[PDB]
Ligand SMILES: [Cu+2]
Ligand SMILES: [Cu+2]
Ligand SMILES: [Cu+2]
Ligand SMILES: [Cu+2]
């Protein structure tokens, strides 16, 4: 949609899109995440996390180490550009971030940091 | 598209959708598969294969065993409802099948049978 | 050894093997499962479950529905040939079963029924 | 064991381990890689490549771009601490490296650079 995308994380550990395009004319961009299905957060929680492609692994390893109560993200992690909370089925969360935080010609990855989901739940974000 | 869907399998071993719905009014249904990216067929080939969810695993296992030359599909496998060829980047292939081969209230799965790909490249198909 | 195998299911949602061959001369066969890592059972619990390839999807689907208190396995599911308990990190469990429950020529699959894990935590077992 | 590890990458695009610990008493560490299965190098080749977690993305991407003739690794990449050859099934390779090139407190990752494989063929290495 205009400077926003709606994305779903389902009970089969899948995001419904795997490529996000942000137009340079946008001052801000909003991601609206929902979780179709019936499984709870401790079993199939999902969040949408954005970092550069280079930082994804560091973000994922340290997130796993933060625990369920920390939504599997290291608090005040400097490499995370934007993120939602970790949501279970039937819940919703959105994030709006400034497009000035993205740079031309840098590769960005969005992903879910719940233990073991990033191998399957990830995609590219591109500023065009 | 009425009675068709276009789907893409990319260089990250991802399909761009995880759910196809077929309209019960469609007599036939076509799937148009393309492969964006730059990797060749032997490294990142993708096909779209349809079966019941209960048959998916035996089709994938026997497909692997048939190998390279057989497009990683057992020839005349009775469990395969429809399938494309295995394609590399920049190639395109379509498959049309009779919608009468599908039951309402039965669960179907589409997937790619290139070794290792079905872990990520799979989705549901249902009649509506 | 000869009629046993040690399997590990780790925090990355993977088993350390994807194929087990049971030697025809074994009267019984043992699977010893351990869980390297640090995550608790409610987030990354693993079990080793055996059925035929054709039954795997039914077992995983009824399993997921039965929930964590039932170790994500349908109570007294007749499609389950043998299974361990669902274990958390630092736990271990073993199951010994009679090899006469297996026949030559049938495809068997082993897998984890914790939601989402069978996508990666699956393998073939064959009586040879 | 202690200063060596045997690792295998199979036809299901998986390593048999996703965590290696190198003991600080080791002067040198040896990794022996084998490829179980039947698939050739150009379809499912594997290598074991070590770098810091922050450098892994860059190594994988430039590795992809170097091609099969370069074993999917950029020639003389200074980010690669150690690596094997790319091997097909039934092949094996060994690599020894100096443990003094590893510092305590730095996050390292080992992985495969054959296109697409690092998503699942990766793990941690830690000085302990
Ligand atoms: Cu998730
Ligand atoms: Cu594929
Ligand atoms: Cu599991
Ligand atoms: Cu590989």
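Shown for chain C, in order and in Swiss-Prot numbering: 21-148.
In case you wondered, yes, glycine gets a Cβ from its N, Cα and C as well.
Look at Swiss-Prot and you will find C:66, C:132, C:137, C:141 tagged as Cu cation binding site. Taking Cβ-Cβ distances under 8 Å and a sequence gap of 6 or more within the same chain, the neighbours of residue C:66 (Cu cation binding site) are C:29, C:53, C:55, C:106, C:107, C:132, C:134, C:137, C:141. In the three-state DSSP classification, residue C:66 (Cu cation binding site) falls within a strand.
According to Swiss-Prot, the disulfide bond annotation covers C:23-C:46. According to DSSP, residue C:46 (disulfide bond) sits in a coil region rather than a helix or strand.
Taken from Swiss-Prot, the feature domain 'Plastocyanin-like' applies to C:21-148.
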| field | Sequence-ordered recorded positions from C:46, C:66, C:132, C:141 with Cβ under 6 Å of an atom of ligand 3 | value | C:66, C:132, C:141
| query | How many helix, strand and coil residues does the domain 'Plastocyanin-like' (C:21-148) contain under DSSP? | reply | 24 helix, 43 strand, 61 coil
| note | Within 10 A of the CB of residue C:132 (Cu cation binding site), the number of other CB atoms across every chain shown is 28
| task | Other Cβ atoms within 10 Å is the metric here; tell me which of the recorded positions C:23, C:46, C:141 scores highest. | result | C:141
| task | Identify all same-chain residues not among C:66, C:132, C:137, C:141 whose C-beta atom falls within 8 angstroms of the centroid of the Cu cation site's C-beta atoms; report them in sequence order. | result | C:29, C:33, C:35, C:67, C:131, C:133, C:134, C:138, C:140
